[PDB]
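> need coordinates for the below:
(2 chains)
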Amino acid sequence: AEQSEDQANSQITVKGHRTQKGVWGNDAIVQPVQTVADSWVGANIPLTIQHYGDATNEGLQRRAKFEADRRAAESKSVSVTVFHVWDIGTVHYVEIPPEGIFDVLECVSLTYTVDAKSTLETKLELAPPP
Amino acid sequence: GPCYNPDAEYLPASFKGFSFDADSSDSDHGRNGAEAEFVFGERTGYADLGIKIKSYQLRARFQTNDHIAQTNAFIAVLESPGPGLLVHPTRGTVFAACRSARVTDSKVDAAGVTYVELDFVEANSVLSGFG
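Numbering: from 1, shown residues only, chains lettered A, B, ... in the order given. I have put the structure below:
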């Protein structure tokens, strides 16, 4: 398990421009902005990921939350190798007390390996319990 | 046999023209191939991939009031460039190339005799521009 801190971000500000029909000037150059926050990281690690289509309030916040789930899901990566060989999006309860995991996690990856000698093992990469 | 004449049945050893008397004669013939072990199966595979390169192993003795000079001449011949024609005592004439020659020689333990452990390899030319 590795929950680093170089790939997190407190405030994600999404800006852009409005691409609707008729909308021009301020309502298409000035207004569109949004500031979503992840009240788990810590100090002010700001950011600004700009938008590239029809910047609506919902569009802004949604791109924002998408990346705020990417960075989140990269800030606790749990690679486990299990024994014998259905989890591409499955959630499981995982218990690793020594590193303080008592939580429900989503498997992002799944790798079955084999080799007639010493193998048959499955490697899972999991998803953080924010 | 009862009347097996040894020195009329083994060929006198000699490498690259320089003759010597051998005390042993080995060889490492063979044939190399793959071995398939398909998973979860009561079956096996084999695929013959060619001929295994031969190697010969001999042990020379020098027991004469001039074994030092003979040993030094033999050393000078063995380190001459390129492969040469070898007369293996029990396999006849081959083209071999020296690979190692250990020369053991004690003084206050066994003075007078010198033993040499030789290791040759089957050596054929190719041509120059890959065939």
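> got the contact list for the residue of chain A found nearest chain B?
At 4.3 Å from chain B, residue A:116 is the closest residue in chain A, using CB to the nearest CB. Every C-beta, even on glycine, is put in place using the N, C-alpha and C of the backbone. Neighbouring residues of residue A:116 by CB atoms under 8 Å, 6 or more residues apart in numbering or on different chains: B:37, B:38, B:39, B:40.
> and chain A, which of those reach it?
Subset of the contacts of residue A:116 in contact with chain A: B:37, B:38, B:39, B:40, counting by CB under 8 Å from any CB of the partner chain.
> mind listing the strands for the chain?
No chain in the question, so chain A it is. Applying DSSP state E to chain A gives strands spanning A:11-15, A:33-37, A:79-82, A:91-96, A:101-106, A:109-113, A:121-125.
> that was the other one, I meant chain B.
B:14-15, B:18-19, B:22-27, B:33-36, B:45-48, B:55-63, B:84-88, B:92-104, B:113-122.
> pairing partners for the fifth one, with directions?
In other words, strand B:45-48. Take DSSP bridges as the rule and strand B:45-48 pairs in its sheet with strand B:33-36 (antiparallel).
> quick one: distance of the strand it pairs with to the chain centre.
28 Å (CA atoms, centre = their mean, to the nearest Å).
> across the sheet, point out what pairs with residue B:60.
residue B:22, residue B:116.
> what residues are up against it?
Residues in contact with residue B:60 (CB under 8 Å, 6+ apart) are B:13, B:20, B:21, B:22, B:23, B:74, B:115, B:116, B:118.
> from residue B:130, how far off is the residue of chain A most remote from its centre?
Farthest-out residue of chain A from its mean C-alpha position, per CA atoms, centre = their mean: residue A:117, at 37.6 Å. Going from residue A:117 to residue B:130 by CB to CB, to the nearest Å gives 37 Å.
> residue A:9: what's it in contact with?
Each residue near residue A:9 by CB under 8 Å, 6+ apart is listed here: A:38, A:41, A:45, A:46, A:47, A:68, A:71.
> and with 10 Å instead?
If you count contacts by CB atoms under 10 Å, 6 or more residues apart in numbering or on different chains, residue A:9 has them with A:36-38, A:41, A:44-47, A:49, A:67-68, A:71-72, A:75.
> ok, it to residue A:48 distance?
10 Å.
> how about residue A:19?
Separation of residue A:19 from residue A:48 (CB to CB) stands at 19 Å.
> how about residue B:127?
Distance from residue B:127 to residue A:48, by CB to CB: 69 Å.
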